[PDB]
Structure formats: C-alpha cells, structure tokens
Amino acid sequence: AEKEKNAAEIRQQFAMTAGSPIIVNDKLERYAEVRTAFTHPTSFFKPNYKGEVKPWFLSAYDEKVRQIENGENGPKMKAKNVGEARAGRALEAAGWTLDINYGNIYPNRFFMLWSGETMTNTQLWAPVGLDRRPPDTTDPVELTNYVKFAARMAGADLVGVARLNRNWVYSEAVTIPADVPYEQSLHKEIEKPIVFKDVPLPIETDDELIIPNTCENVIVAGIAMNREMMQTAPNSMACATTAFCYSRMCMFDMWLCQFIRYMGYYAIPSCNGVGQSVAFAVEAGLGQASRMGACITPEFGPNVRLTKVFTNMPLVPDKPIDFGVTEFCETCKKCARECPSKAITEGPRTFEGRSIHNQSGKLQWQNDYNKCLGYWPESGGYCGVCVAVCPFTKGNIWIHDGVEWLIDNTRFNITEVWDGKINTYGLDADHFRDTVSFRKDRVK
C-alpha cells in the first residue's frame, strides 16, 4: 500500500549537520546591488519590438499592449479573444498592488521601514507599549516557536532560521533619497552602503544604512506560487502568480517585523532588497541551490518566492537540507535546454562569475542574467520557463520504497486555467497538508 506522504519525515531524512553548505574561496566579496541585471546600466536598456531602446520594463509594457491588441496571452500565443488577453494582464498588474517598483528593493522606504515607529499600526497601539517594553522572552527555543507560528499566520508556506552570513548582504543598496516622492523615484535612484556598526538599533544616516552588530539572525520565508499558472510560462498567467506573490511577500515582512518589534526586538524587512535571498534560503534549510540558480524546495521545487527579515531576536538556527538536488541538476539540464534565451549554463559549477551580474567566489552554476532579462521585453512578461519545466515543480515527485523517501527518477492553455481549479491565494488543497506545522516542526 502507498505510504501517506509525510513532508516532515522527508525533511528529517535529508537534514544535514550544522554549517553553511555554500562553498566559497578567497576572492569572494560582498556584492553591490546595482550590479543586478535589473539595475545595471549595461543591462537596464532593451529594445522594444520596434527597435526603440528603452528601460527594459517599458519595452516589456509595449509588448503587453501589442499582445492585448492582437488577442495574445504571450509571444506567438493566441488568446481565446482580446478580452481574455486583457484579463490576464489586468490580473498581473493588480497582483503588484503592495509592491514598489518591482521588488520593494529600496531599504527603509515605503513599505520596507527599518523601524515601526511611524507606522499607523504602531501609533494606534502605542498606549500598550509593546514596542517599548523589554522582551519578556529571551529563550531562543520559545522565541523560535513563537516567531515561526507568527510567520505562518503572516502567509509563509515555509519558514526557516539561519545565522546571518554577511557575505550575502549587499555591499551597497539601490535606494532613493529620503525626500524624493514616489513619482520621481525611478529617476533619482542612488547607491547607499550597508554597514555593520556597534549601534543599538537599525538606523539610516545621510551616508549609510547601518545594521547593528547585534543583528544575529535571518528568518527566511517561502511564499508558494500557483503550479497551474506558472506552467503557462512565459505567458501572462505565470506573470500573475509571480505578481500576487510579491504582494504576499510584502505583507509577510510587515506583519512579521511588527510581531518581532512588539516582542521587544528589532526587525529589518527586505523582500527583494538588502541581500541575496537564495543564499539565505539555502543556509536556513528551505532547500538547495540548483542549476537555474533558484532555491529548490522539497514541497514546491523552485516554484516558490522568497523573502527574509533580519533580527536580533535570539533564535535556534535550522539545519541545512541535502535531498540530492546538486546531483540531479548535474545530469538533468532541462531548464538549460528549454531556456528561450540560453541564459542557463549546461556546464559545471565554478567559482568564476560569468559577468558583472554574478558574485564570484562561491561555487555555483554561473548563468548569464543579461540574456535572461533580454527575453522579458521580447515575451512581454517575467518568463519563468525554467521554473515551469523543472521536474521538482511537479507535484508528484516523492515516493517511499518501504524504508525511506526518494525522488522518482522517472520525472527526469490559459482558457483552461481561467476555467479550472483555484483556491485561496492560489494554494492547492491536494498538497496543502505538506506545510502543516506543529511545535516539533518549528523547533527541536
């Protein structure tokens, strides 16, 4: 008889001993956020379908407009009609409602405030004094259980804790000056150093974003995307599940930072800013890094978004997990073969960055992310084909042989999506039991 799937048992079987799994060498240095393909001058500008050179997202806009007018849901993908094409882009656009400029990357701006003091919720609750009263709990075991329970309330499908490895914190963030209003933000972006100093609280000066030396821990959350929608990549419905999950990320950060603050600690939100989420997720045990460059989780494969919160709250670090992803990616290469831009390498991992967009000095598969971004204006979306085709994105990968869990080696249209299965937040009740949590799952 088939053994009932047990996601907790799977995670226990593949748990590692303590220690960051990322292999580094001496040339590793912290990475300036401006170097990402989204922001760097060498990659920021892309032609639209008329050959006009524009900021990449404006060229992508031109393609969305063209597709709606032509009744298409993606590149050379006809929709049922113009109304369906329109609906997919309306859903995508709406999904981003709680996200600033595609990722919330500006630290201590807008939703990503490093202090709760000015928030309407903090002001309303000020008479109770929860943000002023010293912590009543300092035991890391109890704090880990409390904060993980809160994380699940706040919309995380996965949550893990690691010691903060500063190698993955950006050396300088992309941000805007404090007096710049939103409508000028994309014109007034600047770099600002992120530094660690002996100070009591996270603070921003004119010159620096200062994280306290007491900022010991990072809490990493996984926000599950919708499988049916992502499997339409590179078309519009994959864009929509991406977009909605960015707003879920923002809610998570704000909810959890407020909880931590009301417990008597400080908390720094981040979403896509501050540091490299995949590295934190690997160190916090959510999953393993992969050929495509994403964190692959046992529950969702790479079809999951990441956000993280930094804190001085005492916590128990989770153990890394090794469920064989590295060895599978070594012989799989499906994402590399299916990538429409040939951005993903078919070669071995190296320590040497492929271009300015990669951080050298850590052993990883080196992908050309300027090629990736170049496909987004061409397709009018955020692609995602690599996530969509990855065997680990399939819901059907885990089997039990009578002794232990293992990966099934056999694993290696949009109208129907609109007319088909959906549930709250795009979660899937056929698999939602996999993320149930009791105290034993939160702290050991």
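Residue numbers here begin at 1 and follow the sequence given.
Modelling of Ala37 is complete across the other compared entries in which both of its neighbours are modelled; not even a third of them leave it out. Gaps at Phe412 occur in at least a third of the other compared entries of the protein that contain both adjacent residues. The deposited sequence places 10 or more unmodelled residues between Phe412 and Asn413. Mean CA temperature factor is higher for 170-178 when stretches 170-178 and 234-242 are set side by side in the entry. Between 330-338 and 298-306, the higher mean Cα B-factor belongs to 330-338. Taking the PDB entry at face value, the top CA B factor among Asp253, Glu228, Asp99, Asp198 belongs to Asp198. For the set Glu92, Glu191, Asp322, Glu283, the PDB entry assigns the largest Cα B-factor to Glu191. Annotation for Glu69: CA B-factor lies in the highest third of the chain's modelled residues. Residue-level temperature factors show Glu404 in the lowest third of its chain, judged at the C-alpha atom. In this PDB entry, the Cα temperature factor of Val385 sits in the bottom third of its chain's modelled residues, the lowest group. Placement of the Cα temperature factor of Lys362 within the chain: middle third of the modelled residues, per the deposited record. Looking at the C-alpha B-factors along this chain, the one for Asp157 belongs to the lowest third.
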